[PDB]
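One structure is given here, and the rest of the page talks about it.
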Amino acid sequence: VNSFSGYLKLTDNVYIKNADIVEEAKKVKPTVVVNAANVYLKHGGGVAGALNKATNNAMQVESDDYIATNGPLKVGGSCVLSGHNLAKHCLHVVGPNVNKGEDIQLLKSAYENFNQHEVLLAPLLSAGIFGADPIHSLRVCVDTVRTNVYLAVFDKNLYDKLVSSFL
Ligand SMILES: O=c1[nH]nc([C@@H]2CCCN(c3ncnc4[nH]c5cc(F)ccc5c34)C2)o1
């Protein structure tokens, strides 16, 4: 038993809720919140901008030090940093950004990072401003992640479409 509430169960291990991941993170304090990161960890908008704003820019400060030491992430890759006031840890995962022409097949590699964590609160990778079809992203998530994932979907309309079209 864990503290996630109001989720609809899609599979053995995947759950979905219409929620603001920032507010969901603020109430649950999960062990891991996933950020929809880019390779530079520049948290300017979308989920990343909202998560970073909720940390009062501490996420960005930590991220800039990470990049200065390690260089950029790979598309499909990830790093574990602090969760600040939102979670114990933040798993920054880089899904492909369709608006940059990145290969959508890298979406599976991106979701594989979730398997290193027993339980996660996460957005749909490559959705929103990253330009992928959230229904495809959900399918890849279900077919790739084997650990327990609680998906927060900000937009109520998209949430309803994802549930109603789920196979
Ligand atoms: O048309 C819409 N509406 N919503 C979206 C996307 C869906 C996939 C990723 N993404 C999110 N997913 C889950 N929680 C979120 N909290 C946020 C706060 C913000 F300021 C910006 C984005 C999000 C967000 C928005 O596409």
Side-chain angles (χ1 to χ4, degrees), residues 2-10 13-60 63 73 75-78 81 83-100 102 104 106-111 113-114 117 119-145 147-166:
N2 63 50
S3 158
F4 289 104
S5 181
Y7 286 77
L8 177 67
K9 182 172 178 61
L10 294 175
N13 66 297
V14 179
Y15 294 80
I16 195 166
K17 185 187 184 175
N18 175 215
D20 186 342
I21 192 172
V22 169
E23 280 317 299
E24 190 75 7
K26 278 200 290 192
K27 144 182 135 43
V28 175
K29 285 301 225 83
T31 304
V32 180
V33 66
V34 173
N35 181 33
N38 59 53
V39 296
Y40 307 110
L41 302 178
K42 286 173 57 91
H43 309 302
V47 168
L51 291 170
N52 176 58
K53 178 179 177 184
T55 76
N56 182 45
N57 211 50
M59 178 181 284
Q60 190 64 67
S63 292
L73 295 183
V75 180
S78 71
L81 291 172
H84 301 277
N85 53 316
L86 303 178
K88 184 167 190 322
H89 301 109
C90 180
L91 181 69
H92 295 273
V93 180
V94 184
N97 190 325
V98 176
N99 305 316
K100 302 172 175 179
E102 294 166 353
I104 194 63
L106 289 168
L107 187 53
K108 188 172 183 76
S109 301
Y111 274 116
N113 295 286
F114 290 24
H117 303 277
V119 184
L120 315 87
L121 171 62
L124 284 170
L125 298 180
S126 295
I129 67 174
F130 280 64
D133 173 10
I135 298 179
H136 175 65
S137 182
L138 179 55
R139 187 77 253 165
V140 178
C141 181
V142 158
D143 291 343
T144 306
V145 181
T147 55
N148 292 143
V149 56
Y150 288 84
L151 294 168
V153 177
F154 180 57
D155 188 63
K156 173 57 161 156
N157 188 295
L158 173 60
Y159 170 85
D160 287 348
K161 181 196 188 109
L162 286 168
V163 168
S164 293
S165 61
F166 184 70

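The analysis underlying the following values was restricted to heavy atoms, covering all of them including side chains, and did not include hydrogens, waters or symmetry mates. Sequential numbering from 1 along the given sequence is applied to the chain's residues. In listed order, ligands and their atoms are each counted from 1.
- Annotation for ligand 1: atoms under 4.0 Å from non-hydrogen atoms of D155 are 3 (N), 4 (N).
- Counting heavy atoms from C-beta on, the side chains of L81 and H89 never come closer than 4.5 Å.
- Counting only heavy atoms of the protein, atom 8 (C) of ligand 1 lies nearest to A127 CB, 3.4 Å.
- Minimum heavy-atom separation, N18 to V153: ND2-O, 2.8 Å.
- The number of heavy atoms from other shown groups lying within 6.0 Å of NZ (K17) is above 12.
- The nearest protein atom to atom 15 (C) of ligand 1, hydrogens excluded, is given as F154 CB, 3.4 Å; this is a heavy-atom distance.
- For the side-chain contact (heavy atoms from CB on, under 4.5 Å) with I21, the lone residue among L86, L151, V47 that qualifies is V47.
- Residue, atom and distance of the protein heavy atom nearest to atom 11 (C) of ligand 1 are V47 CG2, 3.1 Å.
- A 4.5 Å side-chain heavy-atom check between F4 and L121 finds at least one atom pair inside the cut-off.
- Among all non-hydrogen protein atoms, the one lying nearest atom 7 (C) of ligand 1 is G128 N, 4.0 Å.
- Numbered from 1 in the order shown, with element, the atoms of ligand 1 that lie under 4.0 Å from a heavy atom of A50 read 18 (C), 19 (C), 20 (F).
- Judged by the shortest distance from any of its heavy atoms, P134 lies outside the 4.0 Å radius around the atoms of ligand 1.
- Ligand 1 lies nowhere less than 4.0 angstrom from a heavy atom belonging to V22.
- Considering only non-hydrogen protein atoms, atom 13 (C) of ligand 1 sits nearest to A152 O, 3.0 Å.
- By the 4.5 Å heavy-atom criterion applied to side chains, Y159 and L8 are counted as neighbours.
- For NZ of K53, the number of neighbouring non-hydrogen atoms (other residues, nucleotides, ligands) closer than 6.0 Å is 12 at most.
- For ligand 1, the atoms sitting less than 4.0 Å from at least one non-hydrogen atom of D20 are 16 (N), numbered in the order shown with element in parentheses.
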